[PDB]
Each structure stands twice: as C-alpha cells, then as structure tokens.
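[1] In their complex positions, the first chains:
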Amino acid sequence: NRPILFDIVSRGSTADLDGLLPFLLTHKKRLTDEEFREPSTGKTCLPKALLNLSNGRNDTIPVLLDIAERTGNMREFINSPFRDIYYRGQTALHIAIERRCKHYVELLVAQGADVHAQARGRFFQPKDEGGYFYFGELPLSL
Amino acid sequence: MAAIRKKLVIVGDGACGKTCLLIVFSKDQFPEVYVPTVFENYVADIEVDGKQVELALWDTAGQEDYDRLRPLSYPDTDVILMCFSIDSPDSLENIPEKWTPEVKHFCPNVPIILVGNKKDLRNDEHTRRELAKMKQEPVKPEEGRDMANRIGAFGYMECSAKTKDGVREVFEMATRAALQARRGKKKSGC
C-alpha cells in the first residue's frame, strides 16, 4: 500500500486515511515497515507530508501522528532518519524548521521529536566539499 | 557540561540476545512477551568519569531483508559490540571467518568489544544434556579470554540480560573505549 498511501498523503486528502488503523491492527503492520518506506532513500510518510503542503497546513500530520501513537511506535516513527548518502541523517524536525512553520515544530517537539539529531549528508556539507548548503548540522543551528 | 554524542553499533549472530541486551540497558525491564527484531533510534545518557555521554544505540539483523541494508548502519560508527552466545558454541568460530573481515572492510580503525551472552545458561543441565547429543559443550570463558586477544578486541566481557549482571559495566567499557581518541594515522601518505 506504499504507492496509494504516498499518493494520498501527497494530495493532502484526509478522508482516504480512514480505515488505515483497523488495517494496521488486523495485519499488525508497523508504519516503519520496509515496504512502506521508500527504497530510494528510506523516506517515510511524515517527511513526504511535510515536503509538500498547502500554505503550511497539510492537515494530514495530526492524523498520522495519532495513528502512530495508537500503533505504539511514535518515537521510532517521528525521528526516523534518512538513509543513503545525499540526505543522510535528515529528520522531520529539520524539514519542519526549514519550511518556516512554527506549528509543526511545536507539534513534533511536544510529541517527542529528537532535537539533537545531526544531518550529515553530502548535500549538507560545505560548499567547497560538495554540499550546496551548510548550517552546522543541528536543528537550532539551522 | 555539554553531553558528547557517540555512536555504538551492536553486531552478532541471530538469537544471541543483542536486542535483549540493549533493551535491558534502555528500560531495565526484561520483555518476557514481545521482543522487536531490532531496537533502533535510541539515545541513552551515561556518565563514567566526569563526562556526560549520549550513546546512540544501533542494531543490525539479517533474519529477513536486513542483511541488504546492514551496511548502511556502519559509517560514522564510534564503537562496535561484537556479540555472541555462551550457550551456542557455533556463535564463536564464525566471528573471525566472516564477521571480522566485514567489520574491517566497512569501518576500520574502530574499537571493538567482545561480549558473550547467557552466562547462567553455560552452567544449565538441560542445555548441556541437549548439546551433548552433537558432542558439544558450553563455551569456556577462558576460550573467550583468548579469543578476545586473537581478534585484537579492546575488551571482552560477559552479560546476562535475565539477571542484569554486568550490563552497566559492559556498556560503560564500550563508552570509555569510544571516548578514546585513537592514535593519529599509520603509514600516512606523503
């Protein structure tokens, strides 16, 4: 259900998410399963939701967070780091800070998002080294 | 003052209790019903000698489809826990043949700490009786003492997740190994 869920979250529709929790409960499938995660970079539902949104109000974040809470895997899900080389270590908090939305930052911090996570991807490295942007590899520094 | 973040990765053969070891470190409560295949994305606070360290604990598995993604967890590792079982002798001879060269291939010049699990199980009678069916005996601690020397392990220890014996000291040794700055560079090019 990775493609359908990705499309639903990208479109921002909230009704389509109905029935996901019963499916997870019946199949006992966690939201961090390899199948759900994008193979290319280990990207998960939450960073995809935060990347694309309308006026900073994607409106799908709280529902997904509640679902993760019900599954009992909120801590792992919120701060799931990206794999690969270019965007290694990036988390949801960095994206929320970058998009200049205070509300999602407050939500992630309150729900238990890690605040000392380090982003060490090559894209985040200094200019002369190969990374187009460098900010100290920290949320507060960013 | 400011806690220092260090990366610890635990690697061992299946059913060795690596996940149980890290879980007992995490919540000091043995899960007797449900054990996740991997315990990921956890940072624990530890103080050893006037220093505060946040240890990021990573686990590696190969039960299903985890071998392909295992290499991704090695880079930027600060300390390795080479983990095996005292109740399963087969967990020993496989350490040098296949695990060690991979460790040196991906992340060289990294401190490695040997650890054997299930200290009590070595003295059990049912385990000994079942194991004798194949002409095998529990792992001898002295054999581990020497095996640590052969593979150049920083230190080798024993842990028992059931009775929470030596977990604190073992991971403290891991951390003290991590804080070590290593020795410059060897045979560095001109």
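    Happy to help now that I have it. Numbers count the residues shown, from 1 in each chain, chains lettered A, B, ... in the order given.

[2] Would you check that residue A:124 makes contact with residue A:130?
    No. Taking contacts as CB atoms under 8 Å, residue A:124 lies outside contact range of residue A:130: 10.1 Å. From N, CA and C alone the C-beta is placed, and that goes for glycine too.

[3] who has more neighbours, those two?
    The neighbour comparison of residue A:124 against residue A:130 (other CB atoms under 10 Å in any protein chain shown) goes to residue A:124, with 22 against 10.

[4] And residue A:100, how far from residue A:2?
    The gap separating residue A:100 from residue A:2 is 29 Å, by CB to CB, to the nearest Å.

[5] quick one: which of the two has more around it?
    Shown here are residue A:100 and residue A:2; by other CB under 10 Å, residue A:2 has more neighbours (14 against 8).

[6] What distance do you get for the residue nearest to that one when sequence neighbours are not counted to residue B:80?
    Nearest non-adjacent residue to residue A:2, counting by CB to CB, 6 or more residues apart in numbering or on different chains: residue A:36, 5.4 Å away. Distance check for residue A:36 against residue B:80: by CB to CB, it reads 29 Å.

[7] And for residue A:26?
    The value you get for residue A:26 to residue B:80, if CB to CB is used, is 39 Å.

[8] Quick one: the strands in chain B, in order.
    B:4-12, B:42-47, B:52-59, B:79-85, B:112-117, B:155-159 (DSSP state E).

[9] May I see the ones you listed arranged in TSV, with mean neighbour count and distance to residue A:44 as well?
    Below are the strands of chain B laid out as TSV (neighbours: other CB atoms under 10 Å in any protein chain shown; distance: least, CB to CB, whole Å):
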stretch	mean neighbour count	distance to residue A:44
strand B:4-12	20	21
strand B:42-47	15	17
strand B:52-59	19	17
strand B:79-85	24	27
strand B:112-117	25	32
strand B:155-159	20	33
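
[10] Dump these into a markdown table; add distance to residue B:185 as well.
    Shown next, in a markdown table, are these (distance: least, CB to CB, whole Å):
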| stretch | distance to residue B:185 |
| --- | --- |
| strand B:4-12 | 20 |
| strand B:42-47 | 29 |
| strand B:52-59 | 25 |
| strand B:79-85 | 19 |
| strand B:112-117 | 19 |
| strand B:155-159 | 24 |
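
[11] With distance to chain A added, can I get those in JSON lines?
    Output for the strands of chain B, formatted as JSON lines (distance: least, CB to the nearest CB, whole Å):
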{"stretch": "strand B:4-12", "distance to chain A": "7"}
{"stretch": "strand B:42-47", "distance to chain A": "7"}
{"stretch": "strand B:52-59", "distance to chain A": "7"}
{"stretch": "strand B:79-85", "distance to chain A": "17"}
{"stretch": "strand B:112-117", "distance to chain A": "23"}
{"stretch": "strand B:155-159", "distance to chain A": "24"}
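
[12] while you're at it, add chain C from this line:
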Amino acid sequence: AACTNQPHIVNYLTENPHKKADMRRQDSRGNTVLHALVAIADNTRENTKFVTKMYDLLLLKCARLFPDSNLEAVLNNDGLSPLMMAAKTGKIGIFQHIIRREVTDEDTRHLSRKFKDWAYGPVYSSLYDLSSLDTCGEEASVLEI
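    Same chains as before, plus chain C:
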C-alpha cells in the same frame, strides 16, 4: 502592426470574423512575425520591453490557437530561427529573455525554457532547457554561431 507596438490592431487582425492573418506565415525572405520582431529589436531600454511583451503575446496566441505546432520551430530561408538570428545579430535584449522564458500558465507551460527544480533554504536550483542551445552536429547551435 506588431513591429509598431499596436497590440489592439494585432489582436483584432488575428481574430476577425471576415479574415484572419495566420501568425505562421513567411515572406519572400522566409522571415515570419517573430523573425521581423527580432530584426527591429534594439538594445534600448524602451524598445526591449515592448519587443519582449509583443513576442510573448504573439507566441502565446499562436500556441493557444494551434497546440500541435510550435511557432519558433519555423525557419527562414537562411535556416536560422528567432533565437539563432538574435544570437547572430547581437541583440542581447531579446536573446536573454528567450533563453530564460518561463510560463506560469498551466495550459501552455510546456513551451517554457526555464523550470524550477527545488529550493533548500537560500539555495535555489533551477533546470534550464538547451534542446537547441547545444547540438552534437545534428543542427546548428547557438553557441557555435
């Protein structure tokens, strides 16, 4: 009419119930409306603004009326296109605008030449198009000219 900055006349003449002047029409020289507009184009501050405005308006109208064919594709007898002719004649004012042409309209955004790739903080990465700007011997290139 286009070269004399008379948008109303061009609009009326393009769409009239009696007769219509197709924009993809070539004279003896082969130059079409865009070719002539580039020919009279000048590097002066005032001339460039109206030249670019008329060029964009006419190109959008031609694309809207005929979606299959692109107006810039037509070539003159010399074989050059409006971009190539502007490059050869040394008219930077229209050339730079043509290179970085971007259309916000969804219906006819395909004919744009500059796209946006992604933005990360102060860093902005944009994806230009060089279909005809660089050619590996298939056809004349703007760079060589």
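
[13] ok, what's across the strand from the residue most central in space within chain B?
    Centroid check for chain B by CA atoms, centre = their mean gives residue B:81 as the closest residue, at 2.9 Å. Under the criterion DSSP bridges, residue B:81 forms beta bridges with residue B:10, residue B:113.

[14] Which helix or strand lies directly C-terminal to the longest helix seen in chain C?
    Using DSSP state H, we find that the single longest helix of chain C is helix C:45-65. Proceeding N to C from helix C:45-65, the next assigned helix or strand is helix C:82-89, under DSSP states H and E.

[15] how close does the residue located most distally from the centre of chain A get to chain C?
    Distance from the centre of chain A peaks at residue A:128, with 28.9 Å (CA atoms, centre = their mean). Residue A:128 sits 15 Å away from chain C, taking CB to the nearest CB, to the nearest Å as the criterion.

[16] does that residue sit in a helix, a strand or a coil?
    coil (DSSP: H, G, I helix; E, B strand; the rest coil).

[17] how about it, phi and psi?
    phi -70, psi -20 (degrees, to the nearest 10).

[18] roughly how far apart are it and residue C:126?
    Distance from residue A:128 to residue C:126, counting by CB to CB: 22 Å.

[19] cool, residue B:149 as well?
    From residue B:149 to residue C:126 the distance is 60 Å (CB to CB).

[20] Could you do residue C:22 as well?
    According to CB to CB, residue C:22 and residue C:126 sit 34 Å apart.

[21] got it, and residue B:68?
    Taking CB to CB, one finds residue B:68 at 36 Å from residue C:126.

[22] rewinding a little: which elements pack onto the longest helix of chain C?
    On a contact count with 3 or more CB pairs under 8 Å, 6 or more residues apart in numbering or on different chains; DSSP states H and E, helix C:45-65 meets helix C:7-14, helix C:33-39, helix C:92-99.

[23] Does anything pack onto the second one? Which helices or strands?
    The one in question is helix C:33-39. helix C:45-65, helix C:82-89.

[24] closest one to residue A:120 among these?
    Closest to residue A:120 of these is helix C:82-89 (CB to CB; 43.9 Å).

[25] For that closest one, which residues meet the burial criterion?
    Buried residues in helix C:82-89, counted by 16 or more other CB atoms under 10 Å in any protein chain shown: C:82, C:83, C:84, C:85, C:86, C:87.

[26] doesn't residue C:96 make contact with the second one?
    Put plainly, it is residue C:83. No. Taking contacts as CB under 8 Å, residue C:83 lies outside contact range of residue C:96: 11.0 Å.
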